[PDB]
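Asks: For reference, the structure I am asking about is given below.
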Amino acid sequence: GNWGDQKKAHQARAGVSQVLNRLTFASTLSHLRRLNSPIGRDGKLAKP
DNA sequence: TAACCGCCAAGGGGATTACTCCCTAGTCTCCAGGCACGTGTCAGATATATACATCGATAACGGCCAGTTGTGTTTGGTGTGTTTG
């Protein structure tokens with residue numbers, strides 16, 4: 001899932017590729033059609 | 001008493017003869033034997049060749065070591081300013 005080179009993996013993004021959650025058809029669909037913002041996790045701001 | 005000598009006798013058979021048969025020494029030819037080669041075969045010796053074995057060298061294979069987003073504070077120095085000596 002590290003969208004970058006192996007040597008500098010930590011410098012690249014994380015979670016870009018995830019394991020498809022095959023727990024129930026609805027979950028599969030939701031997963032295949034999901035988004036994710038690059039903003040840092042748990043940011044103090046609340047506009048985004 | 002019979003070996004020997006003497007007179008007597010018949011005729012056997014040894015030597016010779018004319019003549020005849022066919023024998024055998026001899027010749028050219030050509031077989032049987034025998035000792036020499038000729039081709040062939042088996043056995044052996046010398047030689048070339050393939051194969052397995054010991055030993056030596058390279059070097060493939062094993063394995064090690066080497067380098068290859070944000071908030072809230074502090075401190076510490078520079079420039080300006082005022083007063084002092």
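In the structure tokens, chains take the letters A, B, ... in the order shown, each chain's residues start at 1, and ligands count up from 1 in the order shown.
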For chain A against chain B, which residues fall within 9 Å using only C-alpha atoms (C1' of nucleotides), given as a PyMOL selection string?
Replies: chain A and resi 39-45
Asks: Give me the residues within 12 Å of residue 35 in chain A as a list in words, counting only C-alpha atoms (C1' of nucleotides) and dropping any in the same chain fewer than 3 places off.
Replies: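 Result of the neighbour search: residues 15, 16, 17, 18, 30, 31, 32 and 38 of chain A.
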Asks: Residues of chain A classed as alpha helix (DSSP H) by DSSP on the backbone are to be reported as a list in words.
Replies: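 Checking each residue of chain A, the alpha helix (DSSP H) ones are residues 25, 26, 27, 28, 29, 30, 31 and 32 of chain A.
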